[PDB]
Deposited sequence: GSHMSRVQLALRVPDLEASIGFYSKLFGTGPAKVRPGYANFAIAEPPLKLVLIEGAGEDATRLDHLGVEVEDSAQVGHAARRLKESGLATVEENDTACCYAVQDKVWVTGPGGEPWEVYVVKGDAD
């Protein structure tokens, strides 16, 4: 029941909230200065919008996999490590980075 997290750095947070509310037919689950997120059931998705002041276009901020509990984060951390990937754990999260620099977190909310 895990789901992808897509975090986008957007030049215009307000415009982006409006667009994504239309695209996914639902409003944001959380709104803070410079930040919003959407919890989408179908397709299963955690969409995070981070305002990038002065940015000329939307870019990838980071990626992730949102899992149900801490045990699953721990399982993923061990599995990824034993596969030979360099990992950094928080505590609950584990981070890895792809060869072109894109960061992924496996995390529980």
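Asker: Please report every deposited-sequence interval that has no C-alpha in the structure, sorted by position.
Answerer: In sequence order, the gaps with no modelled C-alpha are 1-3, 95-103, 122-126.
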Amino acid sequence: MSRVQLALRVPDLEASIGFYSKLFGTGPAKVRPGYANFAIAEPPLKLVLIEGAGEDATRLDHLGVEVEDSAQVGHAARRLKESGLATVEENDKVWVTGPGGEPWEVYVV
From here on, numbers count along this sequence of modelled residues.
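In this text, the rigid core denotes the largest set of C-alpha atoms whose superposition between the two forms falls within 1.5 Å.
Asker: If you line up the core and then measure how far each C-alpha sits from this form in 6 other deposited structures of this protein, which stretch comes out higher, 79-87 or 52-60?
Answerer: Comparing 79-87 with 52-60, the larger C-alpha deviation in 6 other deposited structures of this protein belongs to 52-60.
Asker: Which is higher on mean Cα B factor in this entry, 55-63 or 68-76?
Answerer: Averaging CA B-factors over each stretch, the winner is 68-76.
Asker: On mean Cα temperature factor in this entry, is 82-90 or 12-20 the higher one?
Answerer: For C-alpha atoms only, the mean B-factor is higher in 82-90.
Asker: Sort the modelled residues of this chain by their C-alpha B factor and say whether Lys46 lands in the lowest, middle or highest third.
Answerer: It belongs to the lowest third of the chain when residues are ordered by C-alpha B-factor.
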